[PDB]
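This report concerns only the one structure given below.
We did not get these values from a lab; they are worked out from the coordinates using the rules stated. Every residue, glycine among them, receives a Cβ derived from its backbone with ideal geometry; neighbour counts consider all protein chains shown.
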Amino acid sequence: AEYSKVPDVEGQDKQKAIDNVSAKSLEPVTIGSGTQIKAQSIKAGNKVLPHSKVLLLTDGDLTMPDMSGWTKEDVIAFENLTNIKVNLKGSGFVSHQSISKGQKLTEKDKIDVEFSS
Ligand SMILES: [Cl-]
């Protein structure tokens, strides 16, 4: 069971952070329309499965990611990172989200996601 070590990318330039996460054989997913990373979903230094997702919250506006194919773990990480409540329905992988990718979000919004096996 090989593990990846999550890098510390908080405060980094967005593209540098994406590159640093990818270099650890992890999948960076950015949230927001900013140019600098404000927060990461996994504590730096932690061992996680290769190719698992690290959510990266930018500065500036929050925007909706493409959650297609996400696990419950991933969607729950999004709720904790953004303080936007997500309602989960079903099991497997995300097959529907109630807000389209790219839309600006506020803590006024709520998301419904459906999972399919
Ligand atoms: Cl691999």
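Computed FRET efficiency, Cβ-Cβ of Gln36 and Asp109, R0 25 Å: what is it to the nearest 0.05? If you can, show how the numbers build up before the last one.
Values: r = 23 Å, r/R0 = 0.91.
Efficiency, from the Cβ-Cβ distance: 0.65.
Give the separation of the Cα centroids, segment 1-37 to segment 83-117, in Å.
Cα centroid to Cα centroid, the span is 22 Å.
Relative contact order (percent) for the chain, with alpha-carbon contacts under 8 angstrom and 6 or more residues of separation? Don't skip to the answer; put the middle values down first.
Details: 266 pairs, mean separation 26.3, N = 117.
Computed value for the chain: 22 percent relative contact order.
So what are the three principal axis dimensions of segment 30-69 from its Cα atoms, in whole Å, longest to shortest?
Reported extents, whole Å, longest axis first: 30, 24, 11.
Counting only DSSP beta bridges with both residues in the chain, what percent are antiparallel, rounded to the nearest 5? Mind showing how you got there, number by number?
Values: 12 of 22 bridges.
Approximately 55 percent, going by the DSSP bridge assignments.
Rounded, prolate or oblate: pick one for segment 1-87, where a ≥ b ≥ c are the square roots of the eigenvalues of its C-alpha gyration tensor, a/c under 1.5 means rounded, and failing that, prolate if a/b is larger than b/c, else oblate. Write out the running numbers ahead of the final one.
On the way: a/c = 1.84, a/b = 1.15, b/c = 1.61.
It comes out oblate by the Cα gyration axes.
Which loop-located trypsin sites (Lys or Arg not before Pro) does segment 30-89 contain, where loop means any DSSP state but H, G, I, E or B and the Cβ has at most 12 other Cβ atoms within 10 Å? Don't skip to the end; give the middle numbers.
Numbers: sites: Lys38, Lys43, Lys47, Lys53, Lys72, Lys85, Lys89; in loops: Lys43, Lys85.
Loop-located and lightly packed - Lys43, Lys85.
From the square roots a ≥ b ≥ c of the eigenvalues of the alpha-carbon gyration tensor of segment 42-117, which class results: rounded (a/c under 1.5), prolate (a/b over b/c), or oblate?
Working: a/c = 1.87, a/b = 1.07, b/c = 1.76.
It comes out oblate by the Cα gyration axes.
Counting other Cβ atoms within 10 Å of each Cβ, which GluC sites (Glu not before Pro) in segment 34-117 have at most 10 and sit in a DSSP loop? Write out the running numbers ahead of the final one.
Numbers: sites: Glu73, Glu79, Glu107, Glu114; in loops: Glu107.
Here the sparse-neighbourhood loop sites are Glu107.
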